[PDB]
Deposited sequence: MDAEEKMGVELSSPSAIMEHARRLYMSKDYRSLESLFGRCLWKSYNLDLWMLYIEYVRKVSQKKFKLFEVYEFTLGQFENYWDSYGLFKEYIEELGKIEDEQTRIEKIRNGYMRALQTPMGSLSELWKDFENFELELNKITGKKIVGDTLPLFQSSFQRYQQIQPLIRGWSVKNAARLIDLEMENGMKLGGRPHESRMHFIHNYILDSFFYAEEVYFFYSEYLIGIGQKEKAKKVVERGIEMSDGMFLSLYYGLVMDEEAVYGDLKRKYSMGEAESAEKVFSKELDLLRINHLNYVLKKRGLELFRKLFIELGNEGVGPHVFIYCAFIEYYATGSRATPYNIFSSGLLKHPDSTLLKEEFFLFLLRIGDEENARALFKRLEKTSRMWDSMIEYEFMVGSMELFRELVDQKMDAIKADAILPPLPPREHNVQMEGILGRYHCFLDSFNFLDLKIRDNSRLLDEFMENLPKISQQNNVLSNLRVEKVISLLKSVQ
């Protein structure tokens, strides 16, 4: 039920002379459509001018409204107030300040329409945000973008954020629900759960994903825990963790909980115990082994760090962090032994395989990446 598929159905029904059906279709879809073709077909149908005014209600702010403005004065007046292709061929036909301004503007816009986005859409949004009637202009731009990229979850986040900043969060929630029905990824559901206060999304998405989707399920748990910490506080965060428990929660969920417990409370004991539990569940997880060791060494829990290192298998990075630590605040005697030990381990082919490595974006896409990076945890990322 995409823009193009409503369009093609409408055109078939027109061609069929099924006017009962066509009239219900427009009835249901016209107000909501930011597709000019279609409006224009509504015009073709009605023809078989108060109805160019009705269309201009929708497309007056549009950079390709010229033929529409042409066919339709103080009509000439507040087209001249819209940056559009061929505005100079409307001036010539039609106050000079106002036109000049709208022609200067279409210069900055033209290359973004040329090369139409999703990333130039973002660029367009940002340009218009900076510089009641402005709001009206901004609604058109976001909805037209929603039509153009109905499939891309970013567009729905852009408008939602715009709407939130103008105090229209109820309208934002509806845009997100719609985005969730029309695009595909986990992002918009995570943003819906957290920003629009809907805890049900976490359980519902768990049931939907149902091994193959292990990453989704761990990223849901982490994000669900975050929701609960934010909305309810630590004791209910703590209760949700303990309930999650008769399912295989991945290595990441333990590492995430240990880190919340450390940075929220300052306990060293509790994260040690969460990392330790997790290592019992995932005895072969190099991630947990490395992140546990480096966490203990970085917060300064030396004695525990050293005992853990002695018991575990090691990546080169764990070896190199421990060697560098010993050199800085340890002894040369022990430093020399840890070097001997690392060279022995390389030789025995005993070093665990390495973990993968790892103002970027600006404006409203910048904002999106801010949310995305935050929902993502370490190398556990949203994936499709």
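**Q** When the deposited sequence is counted from residue 1, which ranges lack any model?
**A** Missing from the model are residues 1 to 11, 60 to 67, 92 to 108, 131 to 148, 186 to 191, 271 to 278, 427 to 429, 456 to 493.
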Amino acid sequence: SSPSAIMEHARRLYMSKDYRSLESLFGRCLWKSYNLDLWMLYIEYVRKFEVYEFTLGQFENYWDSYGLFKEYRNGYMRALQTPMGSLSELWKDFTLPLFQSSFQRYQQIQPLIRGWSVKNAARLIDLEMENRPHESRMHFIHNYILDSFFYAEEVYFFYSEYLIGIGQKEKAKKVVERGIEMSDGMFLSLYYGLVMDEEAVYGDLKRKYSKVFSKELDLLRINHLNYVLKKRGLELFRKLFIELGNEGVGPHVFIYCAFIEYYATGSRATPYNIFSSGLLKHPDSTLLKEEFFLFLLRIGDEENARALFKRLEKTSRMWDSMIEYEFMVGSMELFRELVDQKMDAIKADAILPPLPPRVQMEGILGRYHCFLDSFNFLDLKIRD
From here on, numbers count along this sequence of modelled residues.
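**Q** Tell me which of 186 to 194 and 117 to 125 has the higher mean C-alpha B-factor in the deposited entry.
**A** Between 117 to 125 and 186 to 194, it is 117 to 125 that shows the higher mean C-alpha B-factor.
**Q** Would you tell me which stretch averages the higher CA B-factor in the PDB entry, 253 to 261 or 140 to 148?
**A** Higher mean C-alpha B-factor: 140 to 148.
**Q** Using only the C-alpha B-factors in the record, can you name which of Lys342, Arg336, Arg317, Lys48 has the highest?
**A** It is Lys48.
**Q** Among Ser160, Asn74, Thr270, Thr286, single out the one with the highest C-alpha B factor in the record, please.
**A** It is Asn74.
**Q** Split the chain's modelled residues into thirds by Cα B-factor; is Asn304 in the lowest, middle or highest one?
**A** Lowest third, going by the recorded CA B-factors of the chain.
**Q** Split the chain's modelled residues into thirds by Cα B-factor; is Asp349 in the lowest, middle or highest one?
**A** Middle third - that is where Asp349 ends up once the chain's C-alpha B-factors are sorted.
**Q** What third of its chain, lowest, middle or highest, does the C-alpha temperature factor of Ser65 fall into?
**A** It falls in the top third of the chain.
**Q** What third of its chain, lowest, middle or highest, does the C-alpha temperature factor of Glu199 fall into?
**A** Within its chain, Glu199 is a middle-third residue by C-alpha B-factor, going by the deposited values.
**Q** Which third, lowest, middle or highest, does the CA B-factor of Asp373 fall in along this chain?
**A** Lowest third, going by the recorded CA B-factors of the chain.
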